[PDB]
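For this one, two forms of the same chain are given in structure tokens, first as structure 1 and then as structure 2.
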Structure 1
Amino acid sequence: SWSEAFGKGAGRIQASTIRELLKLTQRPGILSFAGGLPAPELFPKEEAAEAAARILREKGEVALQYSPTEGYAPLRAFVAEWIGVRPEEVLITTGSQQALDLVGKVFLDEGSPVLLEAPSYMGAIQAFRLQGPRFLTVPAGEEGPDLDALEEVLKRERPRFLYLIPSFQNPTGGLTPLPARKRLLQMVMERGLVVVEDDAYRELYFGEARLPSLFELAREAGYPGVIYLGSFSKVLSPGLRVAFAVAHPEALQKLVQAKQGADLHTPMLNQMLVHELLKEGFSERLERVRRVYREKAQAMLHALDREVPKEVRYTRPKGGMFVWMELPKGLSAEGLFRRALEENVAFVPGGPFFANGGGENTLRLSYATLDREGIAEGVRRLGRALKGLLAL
């Protein structure tokens, strides 16, 4: 009997709705506002092809061979220069999703408290839940985490770490403002707490400039407790699975040793390809990806303003890939999903973004994948489904 054969871990293991939706959304005719999949037109497939061939011809014996866990050295150096750290502080990971898995392994045990936002990224919840922690949450909004709520929790609990996405939070799109970051840093430093800062959407700001990361603020202050996660997924290629973690040597060593057991190393070809593509013109590329997402966000907001009844509330992003919607408390996002799917529109129901449940009346919308036309038509269909279900 498999249920009898499985360990406790298997009982905590549940499928990710984002992961499962991809099987639906990659089918033709589906208008996807579901997974945060980058606009296909942004993939530099032609340039990647030329670079991959060159790597394999000129350096194939390196690209194809086992390599040390820490990563391709020129890639680590590039990340170090970009982030403002030294190459030896950088671990290359197989997507930031891997860094989440690793931090879970290093910090969490059965019953151990961990703190994140409600809602937060379901892939983090999933990775952490494997360890059987006790989730503590504080509400998150358009302005980031409720720091009065956080203050209350920290008087009562000592979380193993705080998992936060200060820049264009998944799924709310929230941007934690600078005074709030500084306040958070103080709260963390006073208690000597660990922060896991997920900066997946770092470069996808729509305004004039990005805000300093918690990690930059900690480094300025000389606080070693921020583990910084970044990824090439949203800026170049999610499919390559190449990302990085930066951390104090002791924490970094454990992440390294956990990674050895997880996959040995991130594939070398992929690391080398990322470095070849980005070593020249990265700033110019980042400007283009910001422009593309800004335009899609603008189209999305215009369509929502037009099509959605004004009893329904939704966030207005200043960056990233997501709009977060809240239905009159009573209306089910899962019910809404069924109706929208009949009209070939997919979104992510909000429930699974809440680590302790609730949020059955919320949903996440991604404007990353569709063109202007698809966004307007998808939202039109959504509005109609919304109006129908509000009536009943």
Structure 2
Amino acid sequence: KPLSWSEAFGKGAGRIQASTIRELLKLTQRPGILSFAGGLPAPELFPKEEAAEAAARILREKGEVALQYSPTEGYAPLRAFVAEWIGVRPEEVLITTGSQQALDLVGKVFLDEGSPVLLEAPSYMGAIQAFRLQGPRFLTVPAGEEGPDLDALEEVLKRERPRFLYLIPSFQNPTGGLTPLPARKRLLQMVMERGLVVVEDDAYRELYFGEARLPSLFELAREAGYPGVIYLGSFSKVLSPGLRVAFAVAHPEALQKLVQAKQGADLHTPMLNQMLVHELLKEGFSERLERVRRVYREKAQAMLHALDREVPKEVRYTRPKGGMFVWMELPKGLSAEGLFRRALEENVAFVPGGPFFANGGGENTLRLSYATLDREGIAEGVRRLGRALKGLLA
């Protein structure tokens, strides 16, 4: 008899529909529409010219390596560089095809159908999507400008032992929250206090607007002796998101598992991409970082000064200290889906908060990104938003 795909599929097929966060992210990007949706890094920072140069030099001088199957752990020097950067040995670094893959790997080796997974609400759609594929039970705690609610977390931890906690300490997506050094130390003790695994996504490590970067769960934990933290770093927010080159740092025991999972995922991360990324960070990484901080800091200050003028104070909006997000909250009882369609009529866009909630929620919240627009688009965008934002209040 005929083929009914809908039933030919397995269970996982239904745990990744992703059909509403696609139709809604599509309605935008039309004619003259300024958008604050999507997390596309600032394009002007892409190092074209020297990427072109490094790529040719690489393919021409070592083409029989960049084009040949390569080790799964990753390109040797790249690993050395990441180790020397983070502060660990090469054998503790696994190059991945973006943090998105590492997330997927993490889920494959840690989650089982029904398993307990702890993360924040809201959180990164990437982790949610990847994890959801393993049909776990999502345990959550709300997150605010001071990071995750550590108390709420204590009562959830005493009631159940989650396979691991997925945190985003530095400038969490989508709130843009920052977890203070104190909270981080408390959160570390709660973890060592129960031998729990912590997955630290530090994609925005270097996007701190302040005069310095607060240490990480990985650092704090490593300088204690505890190896239950898995550090996930990426180059998608400092170099290029398209190259798809990231890494995962962890204790050998777990590392081993990720490597074998990785292998079955795509054999290995493209070699060119790995060598390319290296040939750009071995030269002036410090000033490159320095150069990116200023760019986002600038767009941030601009995003805020415009929000303060056009946005009535009946609605709250975070004040980002790093990263590329502004988490907005409409008064209770009001919807973002409504604000969204009101906004499109004013030719502006954002992402309703809903999809950032593992178990659903944030019906009155929404995320705003300011990393892809101009100090004029930013401003022109906020004018329109707050305009529609004003048309919804009634």
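Superpose the two forms; the largest set of C-alphas matching within 1.5 Å is the rigid core. Here, a residue number simply tells you its place in the sequence of structure 1, counted from 1.
Q: Has the Cα of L24 moved 2 Å or more between the two structures, judged after a core fit?
A: After core superposition, the displacement of the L24 C-alpha between the two structures reaches the 2 Å mark, so yes.
Q: For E50, is the CA shift between the two structures at least 2 Å following rigid-core superposition?
A: Moves: no, less than 2 Å.
Q: Could you state, for a rigid core superposition, the Cα shift of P328 between the two structures in Å?
A: Looking at the C-alpha of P328 between the two structures, the offset is 1.1 Å.
Q: So with the rigid core superposed, the C-alpha of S213 shifts by how many Å between the two structures?
A: A shift of 0.3 Å at the C-alpha.
Q: Once the core is aligned, what is the C-alpha displacement of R339 between the two structures? Give it in Å to one decimal.
A: In the core superposition between the two structures, the C-alpha of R339 moves 2.2 Å.
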